[PDB]
Q: 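Can you keep this structure in mind? I'll have questions shortly.
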Amino acid sequence: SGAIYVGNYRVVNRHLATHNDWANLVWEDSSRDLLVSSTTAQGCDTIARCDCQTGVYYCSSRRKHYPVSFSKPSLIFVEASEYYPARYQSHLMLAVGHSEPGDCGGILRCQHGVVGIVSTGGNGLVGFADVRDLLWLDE
Ligand SMILES: N#Cc1sccc1CC(=O)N1CCC[C@H](C(N)=O)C1
Ligand SMILES: [Zn+2]
C-alpha cells in the first residue's frame, strides 16, 4: 500500500483504489495501473521532472529503503492477476530488487523528488509506475 499526495491530488495504484478514490476520480489509466483522486487537504510531495535512472525506493516487505538503477518508462508484458488479464503495462520502469504484492504503492525517489510508485514485481525484479510525465499534477 501507499500513495503520493501533491496539491489537491492523491495518486495510487489503480488496482488498490478505494470507493472514495473512485467517487472523487480525476483520472485513471488501466494500462498504467494508475488512479488519481481529489483531496480536501493540501499535499506537499514534490514530483521529479527529469530523466534520472537511479533513485531509492521504499520496500514494505523488508521495512527498508533500497538504492536502485531503473529502466526508462516503457511497455512491458505483465502476467495475469485477479486485477488484470495478461497485458502490456505502459510507462513502467524495472529495477533489480526485492518486491512482494503488498509492496505496491511504495515510493521511488531521486534527488529531484517523487519518480513513481511500485506496481509490479517478482523473480528479483521490481517495477515502478512512472508519474514524471503527469505535468498537470502541479497545476
Ligand atoms: N510478486 C510480486 C509483486 S511485487 C509488486 C507487485 C507484485 C505482483 C504483481 O506484479 N502484480 C499483481 C498486482 C497487479 C500488478 C499489475 N501492475 O498488473 C501485477
Ligand atoms: Zn531525477
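Just so you know, ligand 1 is whichever comes first in the structure, and atom 1 is the first atom listed for that ligand. Throughout, numbering of the chain's residues begins at 1 and tracks the sequence. What's counted below: heavy atoms across the whole structure, side chains too, no hydrogens, waters or symmetry copies.
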Q: Are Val12 and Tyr58 linked, directly or through other ILVMFWY residues, by side chains that come within less than 4.5 angstrom of each other?
A: no

Q: Among all protein non-hydrogen atoms, which one is nearest to atom 12 (C) of ligand 1, and what is the separation to 0.1 Å?
A: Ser81 CB, 4.1 Å

Q: Would you kindly specify which portion of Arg87 sits under 4.0 Å from ligand 1, judged on non-hydrogen atoms: side chain, backbone, both or neither?
A: side chain

Q: Please confirm whether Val78 comes under 4.0 Å of ligand 1, counting heavy atoms of the residue only.
A: yes

Q: Would you please name every residue forming a side chain to side chain donor-acceptor pair (under 3.5 Å) with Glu28, sequence neighbours left out?
A: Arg14

Q: Tell me the protein heavy atom at minimum distance from atom 15 (C) of ligand 1, and give that distance in Å.
A: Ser119 O, 3.3 Å

Q: Indicate if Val26 and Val11 have the same hydrophobic cluster label, given that clusters are the connected sets of ILVMFWY residues with side-chain heavy-atom separations under 4.5 angstrom.
A: yes

Q: Indicate if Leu35 and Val6 have the same hydrophobic cluster label, given that clusters are the connected sets of ILVMFWY residues with side-chain heavy-atom separations under 4.5 angstrom.
A: no

Q: First locate atom CD1 of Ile47, then atom CZ of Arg109, and finally report the distance between them rounded to the nearest 0.5 Å.
A: 8.5 Å

Q: Who's the nearest protein heavy-atom neighbour of atom 8 (C) of ligand 1, and how far?
A: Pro101 CG, 4.1 Å

Q: So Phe128 and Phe70, would you call those rings parallel, tilted or perpendicular, with 30° and 60° as cut-offs?
A: perpendicular

Q: Looking only at side-chain N and O atoms, does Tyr84 offer a donor or acceptor that is under 3.5 Å from a partner on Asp33?
A: yes

Q: Should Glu79 be listed as contacting ligand 1, given a heavy-atom distance under 4.0 Å as the test?
A: no

Q: Can you pull out the closest protein heavy atom to atom 5 (C) of ligand 1? Residue, atom name and distance to 0.1 Å, please.
A: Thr120 C, 3.3 Å

Q: Which residue owns the protein heavy atom closest to atom 1 (N) of ligand 1, what's the atom, and how far is it?
A: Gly121 O, 3.5 Å

Q: For a quick check under 3.5 Å, do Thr120 and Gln89 share a side-chain donor-acceptor pair by atom type?
A: no

Q: Closest non-hydrogen protein atom to atom 6 (C) of ligand 1, residue and atom name please, with distance?
A: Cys104 SG, 3.4 Å

Q: Counting N and O atoms only, with roles assigned by atom type, does the side chain of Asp103 sit under 3.5 Å from a partner on the main chain of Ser61, one being a donor and the other an acceptor?
A: yes

Q: Distance below 2.8 Å from the Zn ion (ligand 2): how many protein N/O/S atoms qualify?
A: 4

Q: Based purely on interatomic distance, does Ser99 place a nitrogen or oxygen under 3.5 Å from a nitrogen or oxygen of ligand 1?
A: no

Q: In ligand 1, which numbered atoms sit nearer than 4.0 Å to a non-hydrogen atom of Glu100?
A: 3 (C), 4 (S), 5 (C)

Q: Do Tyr9 and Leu25 sit in the same hydrophobic cluster, where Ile, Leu, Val, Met, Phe, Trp and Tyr count as joined when their side-chain heavy atoms come under 4.5 Å apart?
A: no

Q: I'd like to know whether CD of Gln42 has more than 12 heavy-atom contacts from other residues, nucleotides or ligands below 6.0 angstrom.
A: yes

